[PDB]
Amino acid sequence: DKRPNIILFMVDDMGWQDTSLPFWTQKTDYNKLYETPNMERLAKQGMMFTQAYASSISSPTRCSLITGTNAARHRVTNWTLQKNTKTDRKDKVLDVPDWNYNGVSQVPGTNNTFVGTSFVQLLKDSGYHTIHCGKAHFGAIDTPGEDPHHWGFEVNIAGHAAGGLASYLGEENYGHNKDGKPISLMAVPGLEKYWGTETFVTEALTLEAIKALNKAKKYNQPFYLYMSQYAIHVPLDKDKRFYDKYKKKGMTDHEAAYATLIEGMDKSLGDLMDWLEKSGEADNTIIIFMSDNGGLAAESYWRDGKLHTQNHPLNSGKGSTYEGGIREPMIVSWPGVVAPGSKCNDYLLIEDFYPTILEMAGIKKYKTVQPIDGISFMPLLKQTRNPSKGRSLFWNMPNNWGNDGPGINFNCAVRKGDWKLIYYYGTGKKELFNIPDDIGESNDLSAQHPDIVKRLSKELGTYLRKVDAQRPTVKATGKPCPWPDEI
């Protein structure tokens, strides 16, 4: 049995610049402030992806990962928590559609749910031992998708409906009182052994993952580990292991705490890489590093710089269709298959992870209930072909997040070659950016290139109708907002 182990190491709310590893053309101030030596170690042994995309919010990205569908299709287009409860902020002008706020599942029977065959279920069915560690956030509370075991994971460390965490601190029981009562729906479950200890949640998850990997080695099976950090999500607890030195770099209390979440996430990566090396698994293990959306840039309560700049040189952040919200740090290591110290700037979307992971696992034939929108990036990894040649990428956010900002709320977009069109459902406004010429999306070229705006509007409208995508409605009329090619 020559099949590789696979680790998908997913960070929460980590931006393109939330690392010491430069994904841009030079080092930023952020690359010089943050410390991720194990990300640099991973890049030295693998391939960096400098144009990797997600959706701008946890739920659409993670539902796209586990089902291999574009967010416009699965309609989980804002964050989930409570059953049958839209998290959208009310708007004066527009109503959000009746979107899939219960999330995803593998089974029929529940309203407002997208049903899809899990790639993790296919891995398990093929004989992989499957481990979930950390943030799940696939289904609302009291829906079958809330439980990682529903997805085909045999082991669950700390995964549930919630896409946040009540506390990073062992001394606060990760959000339980002294009686063990949860302080909120975000309380982190299954870490009772660490309650009352000076163990940061990132460290506890790593220690539990390593226990599960020691078990995995005894089982005589290839393993799949989804190492899904709760870091670096708010609230910004400080990790006292790392905090003092960021204050000496002149960072604010919040920004120094943020840096400590990054460094602890990087220590977790390093601890798993160390385990692979010591256990003799490193030569037959794939590591995929990814983040689920851009760095938080729209909440002055948590972030201290000029708002909407926390992913500079990218514009905006979490919740935005601008690069700051959707462009993610991504690395793939696969010893003897992927060239070490390589870079790939060809674009891809999170749903592409689904067929790629099954291909890595040698699963050449599989049945799914849903169409798979993902396209394998195996040819990018092997440097053989660009599977995204002439490919359009699509985003749909007919929703209202908790914050306003540049490229946030009630919009959809298409990326094709150098060009990105963003359409605002409420106003009919169209922004056109040349991403390589203008990576900060500061120069709207829509008036200068009406033929490009027309071509991309048709592509965007056609795609959204093809996948039965949703749009907001105008409160005044009850009529849906026009598709971009109806303008």
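Numbers for residues come from their place in the sequence shown, where the first is 1.
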* Would you tell me which stretch averages the higher CA B-factor in the PDB entry, 227 to 235 or 385 to 393? => 385 to 393
* Asked: Taking only the CA atoms, which stretch has the higher mean B-factor in the record, 289 to 297 or 180 to 188?
  -> 180 to 188
* Structure fact -> Scanning 426, 37, 46, 60 for peak Cα temperature factor in the entry gives 426
* For the C-alpha B-factor as written in the entry, point me to the maximum among 31, 443, 70, 50. => 443
* Divide the modelled residues of the chain into thirds by Cα B-factor and specify which third, lowest, middle or highest, holds residue 456. => highest
* Going by the recorded CA B-factors, say which third of the chain residue 477 sits in, lowest, middle or highest. => highest
* Structure fact -> So, residue 17's CA B-factor, relative to its chain, sits in which third? The lowest
* Chain thirds of CA B-factor: placement of residue 65 -> lowest
* Structure fact -> Chain-relative C-alpha B factor for residue 156 (record values, thirds): the lowest
